[PDB]
Amino acid sequence: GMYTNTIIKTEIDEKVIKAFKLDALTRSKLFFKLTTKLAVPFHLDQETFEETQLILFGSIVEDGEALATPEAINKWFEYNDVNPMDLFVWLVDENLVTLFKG
């Protein structure tokens, strides 16, 4: 009860990776603290950055379901060998930055 049904997708490195999109509320909330507790300082919180990527990497799909637990987020990352930050930068531009464009 945190992700949608609409699927975004992209190509990083070699593999095509697709992930569920976040809810509207669950996007506004993250976008609110990220702008306030990370952005406008330019001190920064640490559990914030840690909380987001644990949700964004949580969206990623496997068996028609989602990689919720870190037990399967890191397992996936070891197999598919995708660079975390690009998969992080993307999921931000698609779930959060979109709110600022509209």
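What residues of region 58-102 lie in the reach of a label at residue 44, counting those whose backbone N is under 18 Å from a point 7 Å from the Cα along Cα→Cβ? Zone members listed by number: 84-94, 96-97. Taking Cα centre as origin and charging only the Cβ of basic (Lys, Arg, +1) and acidic (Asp, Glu, -1) residues, the dipole magnitude of the chain rounds to 560 debye. Extending 7 Å from the Cα toward the beta-carbon at both residue 9 and residue 85 defines two label points whose distance is 2.8 nm. For the chain, adding -39500 (n - 2.57) for each run of n ≥ 4 DSSP H residues and dividing by the number of residues yields -15000 deg cm²/dmol at 222 nm. Restricting attention to region 1-52, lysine pairs at least eight places apart or on different chains and with alpha-carbon atoms under 17 angstrom apart total 4. For 45, 63, the sequence from fewest to most other C-beta atoms within 10 Å is 63, 45.
Using the Cα coordinates of the chain, the gyration tensor eigenvalues translate into equivalent-ellipsoid semi-axes of 22, 16, 13 Å, sorted from longest to shortest. Across the options 24, 91, 43, the greatest Cα extent toward the positive end of the charge dipole of the chain (unit charges at beta carbon of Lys, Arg, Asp, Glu) belongs to 24.
Heads up, the Cβs are rebuilt from the backbone with ideal geometry, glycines too, and the neighbour counts pull from every protein chain shown. Only the coordinates and a few stated rules stand behind these numbers; no lab work does.
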